[PDB]
There are 2 protein chains.
Amino acid sequence: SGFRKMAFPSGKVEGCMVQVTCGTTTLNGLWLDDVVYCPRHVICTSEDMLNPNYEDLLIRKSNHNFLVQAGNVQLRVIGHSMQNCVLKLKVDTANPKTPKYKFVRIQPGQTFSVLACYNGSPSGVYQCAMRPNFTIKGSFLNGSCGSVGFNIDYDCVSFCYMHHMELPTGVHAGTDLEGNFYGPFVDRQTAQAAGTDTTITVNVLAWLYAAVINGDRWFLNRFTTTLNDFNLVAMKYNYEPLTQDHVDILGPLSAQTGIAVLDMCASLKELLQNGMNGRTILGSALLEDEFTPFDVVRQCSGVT
Amino acid sequence: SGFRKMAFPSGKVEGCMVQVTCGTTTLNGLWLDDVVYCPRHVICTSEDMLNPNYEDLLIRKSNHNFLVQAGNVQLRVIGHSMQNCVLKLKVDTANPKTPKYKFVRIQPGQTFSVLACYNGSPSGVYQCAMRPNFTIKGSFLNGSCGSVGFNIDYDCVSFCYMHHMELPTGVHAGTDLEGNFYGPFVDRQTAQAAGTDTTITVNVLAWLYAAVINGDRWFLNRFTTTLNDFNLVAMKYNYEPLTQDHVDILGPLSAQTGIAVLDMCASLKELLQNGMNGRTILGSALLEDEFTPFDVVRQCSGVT
Ligand SMILES: *CC(=O)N1Cc2ccccc2[C@H](c2ccccc2)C1
Ligand SMILES: *CC(=O)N1Cc2ccccc2[C@H](c2ccccc2)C1
């Protein structure tokens, strides 16, 4: 029993973190096979970040300008290319700790673990969600750029995020491992505001199921609702509209608990309309939305 | 910017997790050098757990009854001994992935990372505190016993916890790596109630400092207080009494922010007396107490 915000074990990814230095900028790189992936803004001075022309800036860079260090050992760069907002540094040595991996571009509402690194060295691991506004609420200081987000399925690391920038509101923007930003963000020191940070309704419902499974039940009520009625309430509270797809995904938690998805929706509706009245659910005083249905099933079943 | 509940990177500990099977009970072991550490209740049937005599039960066990598997490879047990509530299984092979380590017994209020494992395989990592009542609020299913809690200082893993049992209230009890329980708990399926779960005042104040550092400031007020006055309020709200030792420990965060510890105490006092009025602090609607001052400085400075 007990339900915790849980990250994947980070070892497989720790084995992939390197330091990339171009001129006087140091950030993190991901070493998979004989390629090191890092944010293209490694080639910028903070001066350059106001309005960089990366193709023009990159012409001034050679293989030998990219200093790549894995622990205390330097990697030889034999090639470099820009793909969208990442650089791919070809090195002469395959990373011997390369796990089985994929690059996936995640949808908003999907959760992943972040291995926060500085100078190619891990500082910590925590769990995030891709927000509906394509920001993440991370913990990232200067030097953390090139830190990656990932899921693990048994033996296969799915890399979904590389950290690139902090908005002036202190939320985070980045790319998939093809260097394409999530959302409308650009790797430039300009005015970029996040849209509405909507609540991930399907994740709140998953987490309500997790609460029932772990003994927190005070918010169960005598009511039910419809998708359309529930969605009127979601709109009012800046919740994502609940679809039948979300209902289908919650089916296993519904089955396990014997609480119909629409009954749990009616519980969530009363919580939105009435608040928690100073009570808590799995040690939270607000409605948690960074556990997916798949996360609740995984943690509640003990998958490894 | 951004402040997250952050675990240590788990790789160094992932390298130490093994499966221990005695008869029909499987749980996790920690392999350091040529010793595997695991909970002594590995030798029990669930029947035995009602009133086990571990010394008597252990007489019926030989080296060859302890099946120790590191991934898919079996370790040869050449010795076994009971130290308090753990078994130490001597194996014929030193763990080649043994990191630099220490065993520390932590004080209540101290935080650590848990690597939740099942069958010697990692499922996830999360951050805990030793509660003032010597429970932890974990996420532990059957098979999770022998999962360990740890801190890392650069290259040295300090192992502070091994998971042993769940109380009927769904909080967690365990031992240090010498097999001594935290608090009054015993490895027996009996009536064991946790004492008052008091709030770790010094950790709330640290986290209030973390909030200021990361832009959340609405709770700063025009007031100050004294240790004695603050402590009257702490008593009323089941907070740990604040000592000058706690004030001294918060000195660096005080210095960095320019907010006197006693002014932040007066802020915490108004939060206790008045609630959050539906507002949040670092995305929490309650006062977080599982970040130590040392945790706030580490995360806010980017230590690796
Ligand atoms: C995440 C990180 O390490 N950054 C520091 C940095 C140093 C030098 C150049 C760029 C950057 C990153 C950045 C990206 C976009 C806009 C401003 C700054 C951030
Ligand atoms: C944590 C764990 O794996 N447990 C399962 C278990 C199986 C067999 C014997 C004992 C246990 C553990 C336990 C400890 C004390 C009281 C009851 C159960 C728990």
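For (1) among the charged types (D, E, K, R); (2) in contact with a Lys or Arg (Cβ under 7 Å, 6 or more places away or on another chain); (3) within 16 Å of ligand 2 (Cβ to nearest atom); (4) within 13 Å of chain A (Cβ to nearest Cβ), each residue gets a yes or a no:
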position	(1), (2), (3), (4)
B:59	no, no, no, no
B:64	no, no, no, no
B:79	no, yes, no, no
B:84	no, no, yes, no
B:94	no, no, no, no
B:120	no, no, yes, yes
B:134	no, no, yes, no
B:139	no, yes, yes, yes
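Kindly provide the set of residues from segment A:77-125 that are aliphatic (A, V, I, L, M), outside the structural domain of residue A:155 (by CATH), surrounded by 14 or more Cβ atoms within 10 Å (Cβ to Cβ) and touching a helix residue (DSSP H, G or I) at 6+ places or on another chain (Cβ under 7 Å), ordered by number.
The answer is A:77, A:82, A:86, A:87.
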## Note on the structure
Filtering segment B:259-300 down to residues that are more than 8 Å from chain A (Cβ to nearest Cβ), polar (S, T, N, Q) and part of a helix (DSSP H, G or I) yields B:267, B:273, B:274
### Query
Are any of the residues in segment B:243-252 in a loop (DSSP other than H, G, I, E, B) and touching a residue at least 24 places away in the same chain (Cβ under 8 Å)?
no
### Query
Which number in (1) surrounded by fewer than 24 Cβ atoms within 10 Å (Cβ to Cβ); (2) under 26 Å from residue A:123 (Cα atoms); (3) away from chain A (no Cβ under 12 Å) marks the one condition that residue B:129 misses?
(3)
#### Entry: Candidate set: segment B:1-32, residues that are in contact with a strand residue (DSSP E or B) (Cβ under 9 Å, 6 or more places away or on another chain) and away from every other protein chain (no Cβ under 14 Å); chosen: the one nearest to residue B:112 (Cα to Cα)
B:30
### Summary
When segment A:177-217 is checked residue by residue, the ones that are part of a loop (DSSP other than H, G, I, E, B), closer than 30 Å to residue A:263 by Cα and not hydrophobic (A, V, I, L, M, F, W, C) are A:196, A:197, A:198, A:214, A:215, A:216, A:217
### Message
Looking at (1) closer than 20 Å to residue A:111 by Cα; (2) surrounded by fewer than 19 Cβ atoms within 10 Å (Cβ to Cβ), which one does residue A:239 not meet, given that it meets all the others?
### Response
(2)
#### Entry: Unique match (being in contact (Cβ under 8 Å) with a residue 60 or more places away in the chain and within 16 Å of ligand 2 (Cβ to nearest atom)) among A:214, A:180, A:151
A:214
## Note on the structure
Picked from segment B:146-176 (must be assigned to a loop (DSSP other than H, G, I, E, B) and within 12 Å of chain A (Cβ to nearest Cβ)), the residue nearest to ligand 1 (Cβ to nearest atom) is B:154
### Out of A:82, A:130, sole residue that is of a type in the set (A, V, I, L, M) and within 16 Å of ligand 1 (Cβ to nearest atom)
A:82
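Here Cβ is always computed from backbone atoms with ideal geometry, including for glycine, and neighbour counts include all displayed protein chains. What is reported rests on the model, the rules as stated and the sources as named; no laboratory instrument gave them.
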